[PDB]
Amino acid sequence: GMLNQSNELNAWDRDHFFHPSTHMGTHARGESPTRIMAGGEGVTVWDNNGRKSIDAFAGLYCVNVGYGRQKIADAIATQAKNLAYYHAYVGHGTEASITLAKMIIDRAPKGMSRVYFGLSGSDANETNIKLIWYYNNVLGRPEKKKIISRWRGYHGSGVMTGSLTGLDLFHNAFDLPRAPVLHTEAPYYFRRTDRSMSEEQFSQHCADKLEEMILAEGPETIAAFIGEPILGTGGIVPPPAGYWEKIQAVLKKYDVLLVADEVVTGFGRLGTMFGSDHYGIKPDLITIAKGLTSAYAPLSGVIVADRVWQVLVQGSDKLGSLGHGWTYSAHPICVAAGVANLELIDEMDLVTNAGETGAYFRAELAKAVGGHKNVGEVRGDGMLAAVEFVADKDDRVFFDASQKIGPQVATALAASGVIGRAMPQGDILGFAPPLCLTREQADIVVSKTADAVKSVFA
């Protein structure tokens, strides 16, 4: 390469590195390509050959302030030098973790009061499950334990959290989903069975199907419902009109807890600080990760509504100290990154930019490719957008999955210097740019996307 130190990186990578979300065989045998990333600034990343790309996916919906922000790197460095680690067990902490909990609560919807820290969105949803079950056992409701998720939801990659996930990739050959997880309708207007339904009618159909599930299972057995405000990995799918209002009316009716999974939406991505506030969701638990630190250091959170919190306190008074902890819960360099990141989001006015430049980006994408014969839909909200491809628009005929149309378009786009993502379980090109994206950078992404679409379909 140009920037590598070792001359052995390909051999070591292929011989010893078991990558997430990679084909083990093609990688090991040298059949699939690899990319060793070296640097970045703003919206630009580069590899160890020095090849540059505009990263219109911000890593994985996570490098929200953009790359190379030395304020956050310096915050990490300072904490790493002073005290990289001590535990947060039995009332131990650092100034950074205590300060961050306060900052998160200030930004969260009113009525939120406590934050429990982890390392990944998956562990935060794991914590949620334990809390939901603990809460119901404390209340003397041992049967109230089932958790309703949704098809195409993404909630993590563990055993229980992969069960919550509603995408087959995270289930097949892993013996998931496991009880007591259930899945209701995908909140996905474009793929509705009855095309005569308006958005609000489809939202009511989803609410009605949730109600039927709750009643069939026994409401006394349903503990919680989990949803992303807008689907991330399940296709960059904003909720249809009326959805959150109607779903919440059903949940309230049967005393079902609401978990808003804000791993993608937390801290500004939609042009509002929280996605729950953006869509009028009043949750009991909020999952956070990714944009909490702009991925500068790993960190997750569970934000707990005060009414749930008070029950947890009653539980501790009967049962004692909580049987839940991660060694690296509240890890000092990670919470330090979170403090710096949240200040930087405000200083750079990125919540405003995400909404305003996000709207511009989405409008421009619609103009550029929405008219194409093989573009079924351009959709999104804030700084999230997707282009979904179809074989026939009038009759909504999808391409056979074997054709890999989504991947073809993402590959063409990448070759032209722009990173977007071919989403799973469809032909969908997704975008989640850093929240600092300028209009001029948006224009480049849109132009190259039109070139990539034209190329694949001509």
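Residue numbers run from 1 along the displayed sequence.
K.L.:
Looking at the entry, does 184-192 or 362-370 show the higher mean C-alpha B-factor?
P.N.:
The deposited B-factors put 362-370 ahead on the C-alpha mean.
K.L.:
Identify the stretch, either 221-229 or 372-380, whose C-alpha atoms have the larger mean B-factor according to the entry.
P.N.:
Stretch with the higher mean C-alpha B-factor: 372-380.
K.L.:
For the listed residues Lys130, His205, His278, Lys146, which one has the largest C-alpha B-factor as given in the deposited model?
P.N.:
Largest recorded C-alpha B-factor: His278.
K.L.:
Check the PDB entry and point out which of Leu169, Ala289, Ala260, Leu270 has the largest C-alpha temperature factor.
P.N.:
Of the options given, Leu169 has the highest CA B-factor in the PDB entry.
K.L.:
Where does the C-alpha B-factor of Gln441 rank in its chain, lowest, middle or highest third?
P.N.:
Ranked within chain, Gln441 CA B lands in the highest tercile.
K.L.:
Which third of the chain holds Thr449 when residues are ordered by C-alpha B factor: lowest, middle or highest?
P.N.:
As the PDB entry reports it, the C-alpha B-factor of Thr449 lands in the lowest third of its chain.
K.L.:
Going by what the PDB entry lists, where does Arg51 fall on CA B-factor within its chain: lowest, middle or highest third?
P.N.:
Its C-alpha B-factor, which the entry lists for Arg51, ranks in the middle third among residues of this chain.
K.L.:
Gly42: which third of its chain by C-alpha temperature factor?
P.N.:
CA B-factor rank for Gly42: highest third.
K.L.:
In terms of the CA temperature factor given in the entry, to which third of its chain does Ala58 belong: lowest, middle or highest?
P.N.:
According to the entry, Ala58 has a C-alpha B-factor in the chain's lowest third.
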